[PDB]
RNA sequence: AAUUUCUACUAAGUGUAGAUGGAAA
Ligand SMILES: [Mg+2]
Ligand SMILES: [Mg+2]
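Chains as they are written, first to last, in the authors' numbering: chain A, 1 to 130, 135 to 280, 292 to 1075, 1086 to 1227; chain B, 2 to 59, 66 to 113, 117 to 166.
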């Protein structure tokens, strides 16, 4: 019994299929005559309009009753907050008063003229009538419940839970804490009070109320609570126009006049919150883009405010301008210092001078703790960057000139794009076929977006010390406007990358709100939908509500024209259906529940909680048994055969028993001619369930979904597969028209595009239109199933795989690694270390009838990336490539699944959050995470279609070897048969012995190089092998606390590849350098001669040769021919490993090339994890660590071979 | 309805990636919280198909069991008994007060074969089901807000 | 270049081989 005979029927699932539906006979013209499409087209479209009307009435309700509330605890909150801190649980009384104030406005709303009829049924009926909108709100006269996704959230607008969208939290804890802040900051505007400007005009043209000090004194908060009051308040801040050309001044401008003496240093009055994009057509999207980025747009004025802010930046202090820690701080290091790694070096030294000892060597755990302590910090001060900086580095100039360079770059791309915001602009071609216009828009949007990404790190997540609030107050006041460009970026991008066709659909209801919920016989006259089989052309039946019983009075016809017809008896949810029925006032008046039975259910001792009594709940079990026997519908329609009363240790066990059994679909027949005459009468509607496998030409294997759906009505349906309910139906529209499809004509030799087909050209007898499926409409149908509804082998999979792998004795392992020369690379390793099968996954085999036609994806990728290159790298090319990768990581999964079945393994997989991608790899991080998703999705229910359905591994008894996916971090360190493993030191490693370089040999100085060249043990030269054998211990080098052997006798032969494309050899290069500098280098230990020279270029051309002795990976990066991995240390047999030495075999015992080596090492790390799986008890198997360290891994990979 | 779909999910996904370090309390309670949060995001996604008799679905004692094991405070639910949320027992009840309403208009008596009174009780039981489930859902959001503003994380 | 849908196809001629869990903001 191998390692997959356990893992089936382990837990539930719920897929859902999606077949098409063609109407048969006169059903389509019957629908058009009875007009059953216009109603639901309206019932899709008018919903946002009726939402608009109800939002109109709701906002009128708020602005109605807010003119009738004067808060009484407001003074007692304001003064007690602005009382000057010193709480000792007085802030707790402040919060009590705050929630009581929210309760006061909540009580005002509750008693606010009814309000109980604000989310019930009559709101669509009665109040909202009192134009032509009466039919609009009257269009839903028999259909109310679709508003319940609105009547809940607009109720939660009126809560007191301090939620975001609600009224109460806003008007008490954002408006009031802005109002009292402006009340205090009113103390710092009294020194500029000129009545000719602040009083002679504002009070006369705004309110004619009491003057400007009334809005800062706190007793018109009850007047400003309405949105009219917020309008008047933001008028006194900003300045009203009163439809005249005065442009009357505001308090922002009066406080802006104060810095005429070049010192503002007084915060302005922040405006108050009030109380409550394209994607269709080319002219519209161009106009809204003009609206949002012309030379007087709000975003553009925000850039102007930001550039003048960073022009006058030097007046603010350098003690508060916090730069955000994290990703962007590398580019900030690159632009403040010169390299990607200097801030981290200064912080490194600043930390190690405190926590490092008086030695200098490190451990890897101390390095990981060092990295954790560096990621502990939230942000950095600009003053600390001046502290990091040496002389002649003033950040207040450097960042200023950087940002003015960026702003002038945006101005230069405005000078590029100035032909676009002009009034007489023309569209000569649509944006699908035009390039220059859309690439211009792309450059604009990406330039402003890059500017936002550069500005972004000046937040420091707030909640800090005295930060420069006088700077942040306008900084966020421009940044909120600069963040609006994402609403244009995620409008223009998903406008241009959308298909020409369109997948909009509306739910079809057929005049009824209660539509196809279930398939129950004796509820089918209510649900009004049934399913008929005949041969194999399946059918969906819709009965009209005027004639909702056209299937009951049908005879078992004997003139041999029949449709078989379902019955579908399903007891739904038997743990909470049985007490719903057997205590519900009519069963209590038909089948008397015992006096002690009613009491035992009413007290409820059948549940757990220690009130659980076996021979007490067993009488309840017998009562359920006998009553289900006495029930007329459920005595007959199922075959209930339970256990005995002592054979249920839990009523949960009995519920599982009745849930297991209570489902049966059979087929009682019907006529054919009377059914088709009936659908000719129009009392039925009949659709055929159809896809591209129910046709009578399909001479191959079906779609995995049609295999399931054909298996829903088998007598093998014993594997607990169950057609559930919740089915829907849908309807599309003709996105395309028929004429303008580019159509390949008939009887012409049509082209090909897969180059590895021997039939290099073919021809057909008919047409094959481009995208025929969107020419007409089609009825999409969904029919959701629930695989493995009753689970049996239930356990924790993450422990069961481990307790399986320990007791196993030769457990196979797959590895999967990305790469540069190939997309992925599979390596299958035995329980020892022998490579069973190593191959690429660039070529995809399609093993149909007998004919293994392969197809490449790597050539497809590069041939599309050349179009990306030649087409200025625009969005259509980007998303085409992303979808091609998505199709590729679809078609990988069949190979991985079949490989898992063929070798009985556990997949290893490159962990990501410990990873350092390389950029060039073709499958990047986003596509790899999608591969993770579309691998654990499929290994939730592994099935191969060619197998027999009844046998294990089939469509009834699939493998479940994972869990469901949860969250993008919770996918870590184990998932069933997928293991996650850190990808450190997996590509540049000698597979024979395990030598890895750890030597930082990028040249710095002769001051370092002399000690570095003296630290070696014996640089000599062997003449009987012509090799420059080096020798060293590792313990005399920094960053070297991981290796285990540390006795590495290096060598030289095998040429390597430099970059400078720079092809060199090695031992001849060493000899020519040493004959450039004139050495008798045949009497070893030549370090004594090498520590005499004093010119720079000798050591600079020696470091660059040490590094080429150490460089194991060689990419010629223009061809796929020489990607050779060579290792300058040899094993016990005196031969060091070469890749091309191992490429030309059939099945090697070592990796072929670089990507395969990257797979093989990951497989080795999982093998180490299995080795530690073999060395614990079964009581720690859930705790055995898998995160194998660098030290442990190098030790295992060296001492595996010996 | 694709751009905002990806945007609102990758924002929240970034927050679930980001908040795995803020807690810095005894344990990996982030796992239980994100598991609860996605459970919330299924529940509030399609609460409506819980009303159907046999939809693809499948409480409070189970959540409290999986929450006590990690050591959080519990949820303080609104009810534990759960057995009165009406779904498709439309053959298995009678006591409702709005028969006074239904007799104020014509309607018919308490026999549901009339095609007019059927939807007139279906509406009320649908709204009562949704009104029960959001009272459930508010309890989970209250638990997340309490655990949010006690430990300074982000969940809503 | 035919597709419930997505990717690569033309694969023996109205399709082929893998995949796909839907509604909802
Ligand atoms: Mg097929
Ligand atoms: Mg295509």
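Note that the Cβ used here is the ideal one computed from N, Cα and C, for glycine as well.
Count the other CB atoms within 10 Å of the CB of residue 760 of chain A; is the residue buried (16 or more) or exposed (fewer)?
-> Around the beta carbon of residue 760 of chain A, a 10 Å sphere encloses fewer than 16 other beta carbons of the protein chains shown; the residue is thus reported as exposed.
Inter-residue spacing [alpha-carbon to alpha-carbon] between residue 1137 of chain A and residue 360 of chain A = 27 Å
Taking 7 Å as the cut-off, is the CB of residue 708 of chain A close to at least one heavy atom of ligand 1?
-> yes
Please determine if the stretch 568–587 of chain A and the stretch 673–686 of chain A are in contact, where contact requires at least 3 C-beta pairs separated by less than 8 Å.
-> Cβ pair count under 8 Å is three or more, so yes.
Could you pull out every residue in the same chain whose Cβ sits closer than 7 Å to the Cβ of residue 56 of chain B, ignoring the five residues on either side in sequence?
-> 50
Inter-residue CB distance, residue 737 of chain A and residue 804 of chain A (contact presumed, cutoff 8 Å) = 5 Å
So what's residue 1124 of chain A in DSSP terms, helix, strand or just coil?
-> Helix at residue 1124 of chain A.
Selection from A:574, A:275 and A:218 that minimises the alpha carbon distance to residue 241 of chain A = Minimum Cα distance to residue 241 of chain A is reached at A:275.
Using the DSSP secondary-structure output, state which residues sit across from residue 21 of chain A in a beta bridge.
-> A:704 and A:794
Going by CA-CA distance only, name the one from A:777, A:865, A:789 and A:1218 that's closest to residue 746 of chain A.
-> Shortest Cα-Cα distance from residue 746 of chain A to any of A:777, A:865, A:789 and A:1218 involves A:789.
Give a yes or no on whether the minimum CB-CB distance between residue 12 of chain B and chain A is below 8 Å.
-> no
Counting only the same chain and skipping the five closest in sequence on each side, list residues whose C-beta sits under 8 Å from that of residue 932 of chain A.
-> Within the same chain, residue 932 of chain A has close Cβ partners 939 and 940.
Length of the line joining the Cα atoms of residue 1046 of chain A and residue 1016 of chain A = 16 Å
Using the beta-carbon count (16 or more within 10 Å), is residue 509 of chain A buried or exposed?
-> buried
Taking only beta-carbon atoms, is residue 103 of chain B less than 8 Å away from chain A?
-> Answer no: the Cβ-Cβ gap between residue 103 of chain B and chain A never drops below 8 Å.
With hydrogens ignored, establish whether the beta-carbon of residue 861 of chain A is closer than 7 Å to any heavy atom of ligand 1.
-> Residue 861 of chain A Cβ: outside cutoff for every heavy atom of ligand 1.
Relative to the C-alpha of residue 489 of chain A, which residue among A:318, A:1071 and A:1121 is closest?
-> A:318
Inside the stretch 970–1044 of chain A only - alpha helix (DSSP H) runs reaching at least 4 residues = 1021–1029, all fully within the stretch 970–1044 of chain A.
Step through the CB atoms of chain B and report whether any lies within less than 8 Å of the CB of residue 399 of chain A.
-> no
Under 8 Å between the Cβ atoms of residue 101 of chain A and residue 53 of chain A?
-> no
May I ask whether a heavy atom of ligand 1 can be found less than 7 Å away from the beta carbon of residue 718 of chain A?
-> yes
Taking any Cβ of chain B, which residues in the stretch 738–752 of chain A have a Cβ under 9 Å from it, in chain order?
-> 739, 740 and 741
With respect to 7 Å, is the separation between the Cβ of residue 865 of chain A and the closest non-hydrogen atom of ligand 1 below this value?
-> no
When DSSP builds the beta bridges, which residues end up paired with residue 1063 of chain A?
-> A:1047
Would you tell me roughly how many angstroms separate the C-alpha atoms of residue 287 of chain A and residue 268 of chain A, rounded to the nearest one?
-> No coordinates exist for residue 287 of chain A in the structure shown, because the numbering of chain A passes directly from 280 to 292.
Quick one: which unbroken alpha helix (DSSP H) runs of 4-plus residues sit fully inside the stretch 1147–1212 of chain A? Chain order, please.
-> 1164–1168 and 1179–1198
Which residues share a DSSP beta bridge with residue 922 of chain A?
-> Partner(s): A:829 and A:993.
Report the residue from A:1066, A:265, A:30 and A:205 whose alpha carbon sits nearest the alpha carbon of residue 244 of chain A.
-> A:205
Of the residues A:329, A:189 and A:198, which one's Cα is nearest the Cα of residue 270 of chain A?
-> Measuring from the Cα of residue 270 of chain A, the nearest candidate turns out to be A:189.
Beta strand (DSSP E) runs contained entirely in the stretch 742–813 of chain A, provided each spans 3 or more residues | 743–746 and 794–797
Any Cβ of chain A within less than 8 Å of the Cβ of residue 9 of chain B?
-> no
Where the beta strand (DSSP E) containing residue 853 of chain A begins and where it ends = 850–855
Of all Cβ atoms in chain A, is any one closer than 8 Å to the Cβ of residue 149 of chain B?
-> no
Would residue 272 of chain A be called buried (16 or more neighbouring beta carbons within 10 Å of its own) or exposed?
-> buried
In angstroms, rounded to a whole number, what distance separates the CA positions of residue 296 of chain A and residue 438 of chain A?
-> 18 Å
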